[PDB]
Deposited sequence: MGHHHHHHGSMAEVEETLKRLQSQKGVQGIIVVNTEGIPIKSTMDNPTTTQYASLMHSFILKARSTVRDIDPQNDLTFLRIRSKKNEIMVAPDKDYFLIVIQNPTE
């Protein structure tokens, strides 16, 4: 989506399916590949960790902040948003 891509700070948006394959991206192919597979295994770990801590709970949102950027993830497929640090 254009509106979300256009927000201050946002660098790109990737939608990946349940197997981690990008089904939509606003980014170039190499960068989409830089992120999709690596983010997929990390997202599976976030989801399984929430459930190992409380079987009746569910992951709804993730924010990973680093020195250079920030990544948000929302389950729905997974929506991945890459952006400047907030």
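Of the deposited sequence, positions 1-17, 94-95, 106 lack any modelled C-alpha atom.
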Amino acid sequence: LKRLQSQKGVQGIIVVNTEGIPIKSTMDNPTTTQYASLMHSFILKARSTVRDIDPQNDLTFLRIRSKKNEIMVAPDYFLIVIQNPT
From here on, numbers count along this sequence of modelled residues.
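Averaged over CA atoms, B-factors in the entry run higher in 10-18 than in the other of 10-18 and 59-67.
In this entry, 36-44 has the higher mean Cα B-factor, the comparison being between 36-44 and 50-58.
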